[PDB]
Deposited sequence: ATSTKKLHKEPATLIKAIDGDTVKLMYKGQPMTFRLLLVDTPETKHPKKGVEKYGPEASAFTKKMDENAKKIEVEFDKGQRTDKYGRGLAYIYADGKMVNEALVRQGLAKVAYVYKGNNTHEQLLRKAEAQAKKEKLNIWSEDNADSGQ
């Protein structure tokens, strides 16, 4: 697995972001996470979190997993990093997303995310409150 450079184009919601990747604009769906739909409880919160984390980043990186790189809707499936920090992981650690959708052999960071979820649950953060 390797991180690749990308440019923030526009926020979409908690687990989806529009990024310029290799000179082409595309929507990226964050791997292994499920944020509330924007409405569901904490949906706006999750959206604001991702939007802020991504926009404040000096450097945005995309990291594809070992399996399929795009879903049926043409969205890139990856782990997004903002200044070295994984957005997927931070959302789950903040209790603003649950671990979900383990598909197409893309589960490299599943355990790391499961640990963040357990901690957020233990702390009764947001979704787990």
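**Q** Any chance you could give me the deposited-sequence numbering of all the stretches lacking C-alphas?
**A** According to the record, the gaps fall at 1-6, 45-50, 142-149.
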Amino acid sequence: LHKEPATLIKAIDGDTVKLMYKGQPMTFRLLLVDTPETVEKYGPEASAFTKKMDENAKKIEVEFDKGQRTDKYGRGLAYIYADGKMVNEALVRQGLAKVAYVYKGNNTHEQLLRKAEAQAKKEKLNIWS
From here on, numbers count along this sequence of modelled residues.
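**Q** Per the record, averaged over C-alpha atoms, which has the higher B-factor: 96-104 or 23-31?
**A** Per the PDB entry, the higher value belongs to 96-104.
**Q** Mean C-alpha B factor from the entry: is it higher for 13-21 or for 115-123?
**A** Averaged over C-alpha atoms, the B-factors run higher in 115-123.
**Q** Please work out which residue in 40, 54, 65, 61 has the highest C-alpha B-factor recorded for this crystal structure.
**A** That would be 40, according to the entry.
**Q** When the deposited Cα B-factors of this chain's modelled residues are ordered and cut into thirds, is residue 89 in the lowest, the middle or the highest one?
**A** Lowest third.
**Q** Sorting the chain's CA B-factors, does residue 83 end up in the lowest, middle or highest third?
**A** For residue 83, the deposited C-alpha B-factor lands in the middle third.
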